[PDB]
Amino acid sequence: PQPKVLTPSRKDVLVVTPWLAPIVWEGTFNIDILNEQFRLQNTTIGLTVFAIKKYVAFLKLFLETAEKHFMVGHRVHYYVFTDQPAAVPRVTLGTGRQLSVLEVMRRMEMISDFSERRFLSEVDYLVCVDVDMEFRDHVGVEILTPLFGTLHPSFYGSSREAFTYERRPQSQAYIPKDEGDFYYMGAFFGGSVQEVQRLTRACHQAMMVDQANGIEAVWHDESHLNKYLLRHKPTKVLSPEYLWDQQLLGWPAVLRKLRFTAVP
């Protein structure tokens, strides 16, 4: 179809940030056009996931649903970080899709180390998510951009003084009470390999300083992620369609699709 300049793509939600980064909601994008632009570059997407201790139990559904909904038609490489390589279930993968097992403050440190490895040279973007989740609907190249965060589903409706940023000024994650654009969740972020290198390195180095000063930020790496994305603004922001909990929050009308949701 033809975009119509005089008709809003959505009349109920903000679809662009004040720094002109798209906020990704159903009805904002034509997936056919995006798929073509990304296929033209033979894009490869790395997906990182941690499954430590009892969390290995979530991988089977996480992977099977990824195969149905995540970047289908594109090249995908899953990187599973685990303390149990033998517990990784053997999930059949579509063509162009691969999985590697990496045996293991941790997430940022580890992604930062892995992100700098030469075997990542084929990969174009990295997407970093929680494992206690399942895909229910399309998650595709509409998310891909140099740097993106995701709105925490519990705060997208909130004002900034209510955001659980780190408020102690001795913490590297410190954000003053009248500062802040959005509250991003540490459960889904990513960007090009270079931007994810920069982000995870910055968060890891900041946390190290906090540790050397006897402070642990209130929400741990998520606090440092919010500090980083305040100072280095994401080039796309994912709407809560991309990170949801239907048991705790239902299915409000503003969410036309629930794409990637908590497992009960």
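In case it trips you up, residue 1 is the first one in the sequence shown, and so on.
Per the record, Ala87 and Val88 are directly connected, as no deposited residue between them is missing from the model. As the entry records it, the average C-alpha temperature factor is higher for 246 to 254, out of 246 to 254 and 17 to 25. Here 204 to 212 and 31 to 39 are compared by their mean Cα B-factor, and 204 to 212 comes out higher. Take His74, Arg160, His77, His138 and read off each C-alpha B-factor from the entry; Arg160 has the highest. When the C-alpha B-factors of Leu126, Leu120, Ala187, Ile143 are read from the PDB record, the largest value belongs to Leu120. Among all modelled residues in this chain, the alpha-carbon of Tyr156 has a temperature factor (C-alpha) in the highest third.
In this PDB entry, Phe148 carries a Cα temperature factor that places it within the lowest third of its chain's modelled residues. Looking at the C-alpha B-factors along this chain, the one for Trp219 belongs to the highest third. Annotation for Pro169: C-alpha temperature factor in the highest third relative to the rest of the modelled chain, per the entry. In this PDB entry, the Cα temperature factor of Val193 sits in the bottom third of its chain's modelled residues, the lowest group.
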